[PDB]
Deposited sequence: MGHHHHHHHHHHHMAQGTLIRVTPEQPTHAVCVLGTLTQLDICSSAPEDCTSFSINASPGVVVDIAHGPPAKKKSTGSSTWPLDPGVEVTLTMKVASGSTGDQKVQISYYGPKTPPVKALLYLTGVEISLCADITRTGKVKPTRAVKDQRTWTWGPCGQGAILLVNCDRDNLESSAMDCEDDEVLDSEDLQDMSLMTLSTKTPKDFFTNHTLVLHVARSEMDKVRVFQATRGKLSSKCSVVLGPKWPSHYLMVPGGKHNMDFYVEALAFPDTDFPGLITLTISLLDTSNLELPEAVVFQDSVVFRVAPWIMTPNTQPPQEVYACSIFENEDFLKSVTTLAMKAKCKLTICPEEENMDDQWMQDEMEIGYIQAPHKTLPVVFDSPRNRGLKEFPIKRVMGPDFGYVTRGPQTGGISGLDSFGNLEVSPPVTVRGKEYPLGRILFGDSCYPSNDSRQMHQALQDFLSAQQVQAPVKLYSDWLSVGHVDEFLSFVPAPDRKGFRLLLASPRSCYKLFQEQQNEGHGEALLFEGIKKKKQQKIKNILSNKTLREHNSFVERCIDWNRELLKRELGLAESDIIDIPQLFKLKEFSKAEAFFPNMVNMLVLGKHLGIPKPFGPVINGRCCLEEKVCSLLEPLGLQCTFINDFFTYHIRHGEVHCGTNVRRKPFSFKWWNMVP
């Protein structure tokens, strides 16, 4: 989409190359005869002589004469444009421009079906470049590299005194590698440029391209590759550019999946107690008709997608899988237990269709505060698909948001319910039992119901924790566009610790495995009332009516899930 200028002189004939599709400006005035106010152009039927305001159209100060051609040329110097400068002095003098048509096309998957700028939206243009972070040769490799096409319809002797170059910038060299289809090293991290060898006539050359980096602060995510026609007709002067065509790719980002998407594969380890646990997980996986891949003998699995492949990726701190400082900046808040993703959301008009990442930190910097490493936050922010949200999770001894918040599948409203821990519903549930007579039922050491409702230290300890969780509630009701009819509160008692940090009293029921629309909740080991645990009766009476089904286990599991449907390139960040 970038050509050059053609100046015609009556003194000598001129030779020029016009690439088909490019509107080439013809200078018909700077080199005109001394006196004249007229000019005309009789061209061959293959030359489109466009003019902007024969008919002798006068030599306007600026008269934009542009020229394109229709049929590519195999004859070198065939289409002849002859000008007629007739002013007032003798029959007109005439100038000759012996042109030629060539067709250098660099096509790709810009239409995103599978301007030279990358645009987002249901209507835009752009190519997608996946990263090679997996171990798979031949076709299997051909199916995850991109496919650029270079067609060259040129005269037979055109490439005797012309040459083509395909080059990247010296900033993007290390983030992209290209192979010329056998597949061969063309450009790459050490070589910034390459010259090509193209025979005359029609010769199509297909390229394959891989990225070697994920988007970050140093790398926005856009790569550009350029083809240029360097005219080389004299061996004593440097080469000259006559045409340039570029293309822009965007590297696909790291996308994380929440607990509403249907499961695909589950995993586990061998602490030699699973028999009791794995026996219920194994039943659950086939309750939802899933696959349970046991593993015989801190990890988050997302998906990176292009129009041609949906390769998954693993992140931590095989064939269809993937991978993305250890010394310094190490704390307990750097774990992926401090990372969650909300379901698709709509906040004050804007639509977040892939979710909104959630990580926890402190409320205000101090000397004893803990934070997640800035490198990880910058990495997650560079992935503009899921804009992260900062919460408060430093009042806890561990430092993880998964202690108090979860999301469930649901068949109503936004199609999900936010489960939040609640110290205030446990006290209510205990008091409804004390005011009915059975107030000496034992809990869990072991303690009665009354001895927990008559402890004035635990009550303050839990009032503080409730004041802490309500802040996150308010944060989640404004940055997730939520409403009260979508929050369910699950009873949970807390106690404080070294450095007055919080720790759950009985094992959390908010950190639970959603291997489907019916799931696994850790045992409360709570009071028994009428042959049944009271906490269990309340959580099953709040969750089941939506349509879920709940089990209870005593208590590692990762549930690889289904990539989202919304194509990330159709979103407008």
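Several segments of the deposited sequence are absent from the coordinates, namely 1-14, 68-77, 139-148, 171-184, 230-236, 353-363, 384-398, 406-408, 529-534, 646-658.
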